[PDB]
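To start, the structure itself, in structure tokens.
By convention in this document, chain letters (A, B, ...) are assigned in the order of the sequence lines, proteins followed by strands, and residues within each chain are numbered from 1. These values consider heavy atoms only, across backbone and side chains, with no hydrogens, waters or symmetry-generated copies.
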Amino acid sequence: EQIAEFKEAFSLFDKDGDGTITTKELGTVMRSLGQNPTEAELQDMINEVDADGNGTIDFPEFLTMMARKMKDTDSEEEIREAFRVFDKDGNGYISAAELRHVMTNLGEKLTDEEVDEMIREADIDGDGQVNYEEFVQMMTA
Amino acid sequence: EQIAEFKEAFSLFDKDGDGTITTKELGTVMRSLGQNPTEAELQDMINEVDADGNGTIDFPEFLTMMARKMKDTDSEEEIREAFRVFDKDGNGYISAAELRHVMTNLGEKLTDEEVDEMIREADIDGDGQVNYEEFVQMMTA
Amino acid sequence: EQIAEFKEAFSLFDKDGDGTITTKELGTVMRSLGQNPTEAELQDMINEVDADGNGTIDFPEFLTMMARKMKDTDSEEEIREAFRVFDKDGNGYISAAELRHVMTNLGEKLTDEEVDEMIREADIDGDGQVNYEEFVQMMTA
Amino acid sequence: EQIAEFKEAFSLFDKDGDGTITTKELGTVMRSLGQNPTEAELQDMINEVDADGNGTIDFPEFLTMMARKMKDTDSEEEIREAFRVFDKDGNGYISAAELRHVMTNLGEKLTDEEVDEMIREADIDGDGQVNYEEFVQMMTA
Amino acid sequence: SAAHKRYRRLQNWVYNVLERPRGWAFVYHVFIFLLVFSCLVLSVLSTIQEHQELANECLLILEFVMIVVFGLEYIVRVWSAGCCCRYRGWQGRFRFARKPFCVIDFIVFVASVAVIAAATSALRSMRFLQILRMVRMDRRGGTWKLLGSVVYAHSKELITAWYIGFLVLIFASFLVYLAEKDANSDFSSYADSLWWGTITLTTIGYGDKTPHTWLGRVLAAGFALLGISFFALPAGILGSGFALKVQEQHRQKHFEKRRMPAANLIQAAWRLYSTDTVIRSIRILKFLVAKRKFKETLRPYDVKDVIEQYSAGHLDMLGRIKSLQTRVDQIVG
Amino acid sequence: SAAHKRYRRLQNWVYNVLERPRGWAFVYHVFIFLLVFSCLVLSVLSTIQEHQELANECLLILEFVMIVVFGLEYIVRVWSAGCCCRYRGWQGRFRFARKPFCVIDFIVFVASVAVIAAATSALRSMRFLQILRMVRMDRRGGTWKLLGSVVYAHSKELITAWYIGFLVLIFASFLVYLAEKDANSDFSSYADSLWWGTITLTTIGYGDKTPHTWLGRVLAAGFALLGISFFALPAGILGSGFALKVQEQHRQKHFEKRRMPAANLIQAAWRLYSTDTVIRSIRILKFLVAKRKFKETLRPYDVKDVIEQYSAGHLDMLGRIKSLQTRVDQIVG
Amino acid sequence: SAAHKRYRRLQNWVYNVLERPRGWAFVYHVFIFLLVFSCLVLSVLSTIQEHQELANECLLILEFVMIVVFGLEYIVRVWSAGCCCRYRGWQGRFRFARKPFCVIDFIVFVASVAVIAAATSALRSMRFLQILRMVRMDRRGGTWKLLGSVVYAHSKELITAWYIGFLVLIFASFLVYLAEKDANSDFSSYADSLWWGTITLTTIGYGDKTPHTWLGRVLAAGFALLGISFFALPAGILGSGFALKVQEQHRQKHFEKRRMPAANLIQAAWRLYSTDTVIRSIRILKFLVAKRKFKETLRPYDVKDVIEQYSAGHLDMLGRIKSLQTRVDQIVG
Amino acid sequence: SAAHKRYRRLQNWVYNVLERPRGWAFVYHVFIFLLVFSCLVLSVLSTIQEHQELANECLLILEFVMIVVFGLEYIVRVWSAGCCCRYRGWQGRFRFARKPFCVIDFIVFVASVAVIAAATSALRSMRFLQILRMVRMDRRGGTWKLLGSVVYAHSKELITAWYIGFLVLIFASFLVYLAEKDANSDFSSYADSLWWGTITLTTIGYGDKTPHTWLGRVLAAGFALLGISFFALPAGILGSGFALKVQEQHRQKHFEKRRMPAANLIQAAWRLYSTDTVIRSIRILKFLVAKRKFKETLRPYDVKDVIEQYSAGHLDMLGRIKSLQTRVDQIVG
Ligand SMILES: Cc1cc(C)c(NC(=O)[C@H]2C[C@@H]3CC[C@H]2C3)c(C)c1
Ligand SMILES: Cc1cc(C)c(NC(=O)[C@H]2C[C@@H]3CC[C@H]2C3)c(C)c1
Ligand SMILES: Cc1cc(C)c(NC(=O)[C@H]2C[C@@H]3CC[C@H]2C3)c(C)c1
Ligand SMILES: Cc1cc(C)c(NC(=O)[C@H]2C[C@@H]3CC[C@H]2C3)c(C)c1
Ligand SMILES: [K+]
Ligand SMILES: [K+]
Ligand SMILES: [K+]
């Protein structure tokens with residue numbers, strides 16, 4: 001039944017029944033929701049799961065990505081390595097205020113409400129320090 | 001007499017009698033038959049046999065290519081190496097159905113009728129497995 | 001008080017009070033004075049002090065640059081290395097006439113009046129030879 | 001007096017008396033004689049003698065090139081190395097007919113009359129073989 | 001808990017200094033090393049008839065101070081394991097509840113203490129296992145990690161070296177043994193011949209066993225010239241691999257551009273997590289793009305990457321002119 | 001033949017495990033190695049007066065089990081040579097009808113069996129040729145292939161090393177022989193001097209022969225400082241070549257993009273073959289383009305490649321903008 | 001002061017020749033080297049009972065000439081320290097007023113002169129410190145600078161080599177000492193075992209101490225095969241690092257394009273200096289751009305620059321088209 | 001002269017085979033080598049009391065055949081020096097009239113013949129100079145050219161190795177000599193100490209001289225661990241340089257595209273020469289461009305080229321867009 005629900009999502013992209021998702025199908029569904037990816041961003045996204053290298057996503061590749069999410073060990077390690085960039089002490093901790101600065105000032109910045117939900121979800125200590133390795137296991141569970 | 005027949009084909013390209021084939025002469029004959037190579041594809045083709053590096057094919061280079069076809073040992077080895085990409089067992093076999101998938105789904109895909117003739121020509125075993133190294137010797141004979 | 005005077009200069013660039021200087025703010029003030037930097041020159045200038053890598057200068061970065069000027073040891077060494085390019089003897093001397101040639105004929109050439117002030121400021125010896133390492137300490141003091 | 005004759009040629013390029021030859025001055029004199037260099041060819045030519053790297057030729061650089069011609073040892077060696085590309089025997093000989101083929105069919109091909117004068121000038125042996133190392137010394141004398 | 005906080009902060013400082021070495025605060029490490037070294041020094045000064053009283057009293061005082069200091073160091077290590085609280089002892093339990101390096105050292109310490117209190121072998125083999133206790137550094141294996149990585153990288157080819165070397169050893173030992181079996185009494189057996197061959201091909205050359213006939217000498221010279229190099233290859237292979245790896249370390253640490261990729265990966269992961277089907281599938285794809293860009297900056301970014309983006313960018317350039325071309329042709333002509 | 005098919009499938013599995021090693025199924029290899037090693041172990045334990053009865057019975061039982069196991073292994077190898085049928089025995093005949101590794105092992109096995117059944121030399125030299133029988137792995141030469149490739153690559157320069165080293169050996173041996181001929185009795189002849197020189201320059205240095213006069217000592221020191229390095233170059237050259245080749249292996253396997261090129265090549269070859277003059281000439285040219293692209297993706301792709309398409313891409317750019325410029329001229333102006 | 005100027009010019013020439021070596025004017029260096037070498041030669045020719053009179057008179061005459069020449073050389077060095085005037089003696093005072101290489105040599109010279117005038121140890125240890133006096137070259141450390149840089153670059157990994165080697169030394173010495181303690185009298189103590197282990201693992205192999213039992217022989221062979229390589233790694237690591245650094249030097253000298261960057265930097269520095277707030281802030285930013293471009297050309301310019309500039313330039317080109325495209329759509333359609 | 005032409009053609013063939021080796025026609029080289037080797041073989045078989053009659057007759061017959069063959073080989077070499085005519089003897093005179101390798105071999109040959117016809121030293125030292133006569137190959141220095149180039153490239157750094165090694169040698173020899181002067185009789189003098197130090201630090205380790213006190217042993221161990229590596233650096237440096245140079249040879253032989261550049265250079269040179277002021281100055285500039293392009297293709301082509309040509313092409317493209325933009329502005333808007 002989980003496979004059938006993935007198939008129904010896959011068919012929203014591949015409305016023609018061709019069994020593939022190209023940049024046209026992916027980007028069309030995304031822009032209908034009000035997103036505006038570039039062509040190079042749509043190619044990068046498809047390339048992450050396109051083993052055949054022909055610029056498409058087929059259902060086996062789609063199902064694999066959906067079943068896996070972030071649960072794999074590669075994801076847990078890399079996310080933990082990203083936090084460690086901002087942990088100079090090396091003790092596995094990061095300050096709530098330092099997490100807030102990085103999340104709202106670097107990269108694809110989180111909004112205030114996004115970052116508020118993120119700090120609420122981490123079981124912050126009374127000092128104001130966050131143990132990010134248990135934060136990584138909650139996102140990889 | 002075989003040399004004279006190659007000369008007559010060579011003269012269809014080099015209609016001016018200049019003794020050379022450029023991208024103009026090669027591409028003109030090709031498009032007359034309904035092919036549509038790009039300029040970069042015409043340059044690659046000429047470059048494979050142009051030892052002088054001046055962007056032309058002369059008759060000695062043309063004759064060498066025509067006399068040799070695929071009979072050389074380099075061709076036999078590389079074609080056999082290409083099949084081995086798809087032979088994970090390492091036993092020199094490939095399934096008829098796996099050959100069909102690769103021929104019609106990768107690269108410059110074969111049509112159904114092309115791939116039907118190809119599987120008919122290989123002496124397929126009763127299991128449905130193809131010994132591709134004897135398939136390579138039939139194309140290199 | 002020195003910090004407040006730097007802040008007042010910083011606010012001429014960042015007239016909106018956003019706490020940052022982009023190529024727009026920097027280049028606008030520069031062109032008002034009759035300078036004409038290119039976009040790539042404005043990016044290089046900001047990149048020299050932009051630790052966040054987001055294409056801006058904030059006040060802490062601005063204050064650091066203004067407080068430091070050329071007084072740091074890296075500046076003294078590199079300027080001295082630049083003179084040594086033109087000191088073949090290796091004795092720490094350069095001729096007044098050779099300094100004049102390099103200053104007015106290479107790079108962003110000095111005008112005659114600029115180079116006249118520069119040679120006046122170096123305590124030229126009676127021969128006409130300049131000890132450039134004490135010239136470097138006067139610019140790094 | 002030889003220096004003064006070089007100066008008079010140099011002044012045809014640098015008609016303004018600025019003491020320099022840029023691509024404008026060089027290319028203008030060349031096109032007046034009916035030559036048609038490209039901009040990239042004019043830059044390459046100036047770059048061969050521009051030690052200052054500022055895109056100009058000054059009179060000392062012009063005089064050096066004119067005084068030297070091909071008489072230097074680097075020129076003799078490189079020209080001799082070029083002939084040796086076409087000497088497979090390694091005996092320092094090349095056939096008159098092979099020299100004729102290379103001169104009129106490769107590179108900036110010599111005309112028939114140019115190549116006729118070149119083969120007349122080499123003291124060809126009765127076989128038809130040319131000792132090119134003594135040909136190189138006549139051009140480097 | 002402010003005074004408790006400050007005391008716990010000093011405690012975490014001492015935890016790092018006993019746990020992670022730094023540029024300057026290596027005095028604890030160097031003093032533990034000096035303790036073990038001095039103990040080995042009087043151990044070697046023993047067994048030459050000096051343990052009469054001057055080496056023996058030194059042994060007693062050093063064993064006393066050593067037992068005391070390692071007891072308190074174990075105490076302080078476990079007692080400072082974590083941060084201020086909930087880490088100091090709790091993730092202490094979390095770590096040592098099941099660890100192949102936590103309680104084993106305790107077992108060794110208590111067993112040696114029991115043996116000593118209630119010959120040379122016990123004392124010394126205890127001490128060298130204490131040099132393993134200082135191997136502990138960087139989780140017992142920093143140097144071991146490095147060496148293992150480099151050895152594993154050159155596996156097949158070290159195997160070539162070892163295997164050819166061993167064949168030459170065996171076959172040369174046999175041939176010289178046959179050539180020297182009658183006259184020379186050094187080559188009594190074939191095991192003697194292997195001893196000679198091992199000492200020769202490694203270029204130690206004690207000289208206790210040596211060919212005497214001319215046939216044996218010629219064979220030994222030939223096989224030496226042929227196998228000495230094979231017994232010296234592993235050092236050359238490993239040394240060159242080491243130097244190359246250092247050069248590459250320079251090359252890649254010159255990149256290290258994980259400022260934005262670092263932060264962006266956490267953001268794409270949070271955005272995906274906070275989703276909780278098509279909307280989720282899009283966030284998974286973006287997460288996977290961010291994870292790659294995050295790894296790439298460290299080391300997967302290479303020279304192939306340049307050409308990858310060249311093709312992409314220049315095809316865009318070719319088609320940019322074509323965008324204008326279609327326009328021109330459709331209107332003006 | 002379904003039960004036959006399944007039995008033949010298990011048989012092909014055992015063929016691979018006895019033929020191609022893998023990550024885990026190396027137990028047959030390691031056990032054959034252990035058999036040969038243990039046999040060599042009791043061979044070396046012999047010849048020290050222990051073959052009285054305990055080594056002798058072990059020799060008998062090991063020779064018995066060894067003959068039995070290699071007989072059945074040869075049987076199974078030939079009997080599983082191919083796949084289910086038409087390969088199991090037929091390409092078996094096709095392979096062993098004329099092969100420099102098929103029947104030679106049989107000849108060796110039967111000859112040794114005849115010799116043993118119906119001194120130390122026979123037993124041992126048979127055993128070491130059995131270590132060659134385990135050299136058989138990867139067609140007798142995997143390690144040999146690797147070593148030969150690397151040696152051949154550095155040929156001229158190994159030659160330099162060897163030749164300079166040998167000149168120094170000869171000339172130094174001569175000079176020291178002259179300087180030590182009268183006093184020292186070690187240097188009785190010139191052949192003795194060569195023995196000394198070989199042992200010295202390889203840095204074995206047994207010490208049985210040694211210069212005694214000061215002139216000879218000075219000459220020996222000079223020639224040692226000058227030639228020892230030459231006798232150590234080959235190991236350094238080979239080791240560095242090895243490490244460099246490993247690094248390059250990483251570099252090029254990071255590419256390995258022969259998914260589509262492989263298919264493309266088979267397709268162009270089939271299309272050319274199925275032709276059976278101008279139409280054929282075009283298919284030959286396309287076949288040759290596909291063969292090159294197929295090799296390139298593995299390793300011929302270089303750094304010149306990057307700029308080969310740079311120039312090409314800029315040429316396209318130039319072409320289209322020039323066509324555009326003339327277009328503008330024609331219509332707008 | 002024209003005659004003074006010419007004399008001072010000759011004096012500065014002699015200052016460079018005594019201070020900075022060149023392609024041809026190394027005769028002073030080679031003669032000082034020859035003086036020290038010849039003095040060491042008669043020092044070694046002494047202590048074999050030849051200082052009767054022929055070595056002793058040579059010692060007297062050489063000590064005489066040496067004291068004289070180094071006195072005048074010190075005089076000339078300080079007296080030619082700088083240029084014509086204001087540098088000859090004044091920056092002479094500026095340099096030697098507080099320098100760890102200026103007055104120390106004077107102290108050594110006067111102390112040795114006092115000792116000699118008013119056994120072998122004094123003479124010889126004075127002479128070798130004079131070979132350090134010729135170490136003085138390139139500020140006492142040209143070779144030392146090079147070696148230190150390369151050693152420091154490979155620090156962690158030399159540490160791996162040393163530390164594993166030393167563990168193997170200790171543990172092997174112990175095991176062989178236990179295996180050979182009873183029978184063999186070479187291994188009387190454990191200190192003897194360390195002597196044997198050091199001589200073995202370095203592959204010197206004197207042969208004075210040697211295992212005699214089979215257990216000890218087997219242990220020694222195993223530990224030799226395992227540790228000899230570790231004692232040979234440092235040479236391999238350093239040699240490969242050396243060769244790699246030379247290759248990189250070729251590439252660094254291929255660049256080194258500081259013709260205009262040098263001038264540019266001096267100009268931006270002068271323009272900033274001559275300012276003496278917004279106008280100054282702009283000159284500081286331009287100075288910092290010029291300092292970077294000045295360093296980059298020498299070495300910091302990397303491959304990243306090319307990739308970055310590709311993206312930049314490609315986007316400039318794309319933006320060019322984009323501006324034109326919007327224009328076209330506005331007017332023509 | 002057609003029959004003369006054919007005979008002269010066969011003569012030039014034999015000239016190449018005696019002068020330039022090839023893949024197959026090395027039989028003359030290998031036979032000259034075998035002649036010299038066999039002569040050295042009976043020379044070494046002499047001086048062990050076998051020159052009674054069997055070695056002596058062999059010496060006579062080999063000296064006879066050797067004198068004969070080298071006479072005729074010298075004859076044939078000079079007589080085939082050039083091509084058919086005007087080169088066979090005339091550039092023969094042109095070459096040997098003044099050459100440091102032409103008449104010197106003749107002088108050596110005639111001098112040795114005079115000495116032999118009208119002890120071991122003459123015969124042998126003649127023979128080894130004949131191995132130099134086979135050094136003659138590739139102008140006496142192919143291997144020498146290679147080795148000299150690589151040594152010269154790493155000059156400063158080999159100097160570092162040698163100089164640090166020699167300091168350690170001297171200072172260690174001195175310290176051990178002092179520590180061992182009284183008890184040990186091996187270290188009678190300081191020259192003995194240098195002999196011991198040379199044999200130790202090179203890791204030969206004869207064992208004739210060996211420290212006996214514990215102080216001397218400790219000093220020797222320390223200085224061994226510190227200097228052995230320095231005496232082994234040169235081999236590592238040279239070997240790594242060798243391997244790197246081979247890798248670079250591959251890299252650059254992949255380019256080697258001097259067909260058209262070489263062809264164009266001859267044309268620009270002829271066009272300049274045939275001129276015989278502004279017209280000439282232009283031909284000189286074009287000649288200099290062609291000479292550079294001709295060299296570049298071989299090896300000066302670098303990675304700097306890539307960066308340079310990218311910028312050039314990018315700006316050409318940008319300039320073309322500028323033309324297009326100005327057109328649009330002028331007409332449409
Ligand atoms: C024949 C032979 C010769 C030798 C020197 C070795 N040993 C090595 O090469 C050592 C270097 C690494 C680390 C321990 C090994 C492997 C082996 C195993 C076999
Ligand atoms: C002078 C001399 C010194 C030596 C060490 C050798 N031998 C080697 O260098 C060995 C390493 C490879 C493999 C066997 C050879 C070649 C030779 C042949 C001549
Ligand atoms: C175990 C061990 C073995 C050795 C050879 C050394 N020594 C070296 O490796 C020398 C090369 C550099 C220069 C002096 C050191 C470091 C050390 C320190 C420890
Ligand atoms: C201290 C010392 C130690 C050594 C081994 C050498 N010799 C070398 O290193 C040899 C390798 C090249 C070729 C001959 C030299 C140079 C020297 C000169 C000094
Ligand atoms: K030795
Ligand atoms: K020895
Ligand atoms: K040794």
Side-chain angles (χ1 to χ4, degrees), chain E residues 150-165 225-248, chain F residues 141-165 229-253 299, chain G residues 229 232-233 235-248 250, chain H residues 143 146-147 149-151 153-154 232-254:
Chain E
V150 173
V151 163
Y152 180 64
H154 302 85
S155 304
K156 299 288 95 175
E157 184 177 2
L158 282 178
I159 301 299
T160 300
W162 297 333
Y163 174 83
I164 306 285
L225 290 183
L226 189 153
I228 276 174
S229 298
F230 285 112
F231 275 85
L233 273 180
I237 295 165
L238 291 185
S240 298
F242 276 168
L244 291 172
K245 182 187 254 214
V246 165
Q247 201 191 19
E248 187 176 1
Chain F
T143 71
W144 304 94
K145 285 174 185 176
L146 195 148
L147 171 82
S149 76
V150 173
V151 163
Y152 180 64
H154 302 85
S155 304
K156 299 288 95 175
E157 184 177 2
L158 282 178
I159 301 299
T160 300
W162 298 333
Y163 174 83
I164 306 285
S229 298
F230 285 112
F231 275 85
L233 273 180
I237 295 165
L238 291 185
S240 298
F242 276 168
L244 290 172
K245 182 187 254 214
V246 165
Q247 201 191 19
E248 187 176 1
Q249 291 301 322
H250 281 45
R251 298 285 75 78
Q252 310 292 81
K253 65 173 172 280
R299 54 125 259 107
Chain G
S229 298
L233 273 180
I237 295 165
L238 291 185
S240 299
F242 276 168
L244 291 172
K245 182 187 254 214
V246 165
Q247 201 191 18
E248 187 176 1
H250 305 143
Chain H
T143 71
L146 195 148
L147 171 83
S149 76
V150 173
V151 163
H154 302 85
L233 273 180
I237 295 165
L238 291 185
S240 299
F242 276 168
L244 291 172
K245 182 187 254 214
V246 165
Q247 201 191 18
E248 187 176 1
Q249 291 301 321
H250 281 45
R251 298 285 75 78
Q252 310 292 81
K253 88 167 122 272
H254 293 150

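- With a 4.5 Å cut-off on side-chain heavy atoms, H:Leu147 and H:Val151 count as touching.
- Other residues, nucleotides and ligands place no more than 12 heavy atoms under 6.0 Å from the NZ atom of E:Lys156.
- Considering every non-hydrogen atom in both H:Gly239 and F:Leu233, the closest pair reads N-CD2, 3.6 Å.
- Here G:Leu238 contributes atom CG and H:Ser240 contributes atom OG; the two are 10.5 Å apart, rounded to the nearest 0.5 Å.
- Residues F:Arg299 and F:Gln252 approach most closely at O-NE2, 3.1 Å, considering heavy atoms.
- Taking NE2 from H:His154 and OG from H:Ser149, the interatomic distance works out to 9.5 Å, rounded to the nearest 0.5 Å.
- Taken from CD1 in F:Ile159 to CG in H:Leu146, the straight-line distance is 11.5 Å, to the nearest 0.5 Å.
- Here the CZ-CG distance, from F:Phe242 to E:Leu158, works out to 9.5 Å after rounding to the nearest 0.5 Å.
- Note that CG of F:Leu244 and CG of G:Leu244 are 7.5 Å apart. Values are rounded to the nearest 0.5 Å.
- The heavy-atom pair separating F:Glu157 from F:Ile237 by the smallest distance is O-CD1, 4.5 Å.
- The environment of H:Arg251 atom CZ is dense: over 12 non-hydrogen atoms of other residues, nucleotides or ligands sit within 6.0 angstrom.
- Scanning both residues, E:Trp162 and E:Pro234, for their nearest heavy atoms gives NE1-CG, 3.7 Å.
- The environment of H:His250 atom NE2 is sparse: at most 12 non-hydrogen atoms of other residues, nucleotides or ligands sit within 6.0 angstrom.
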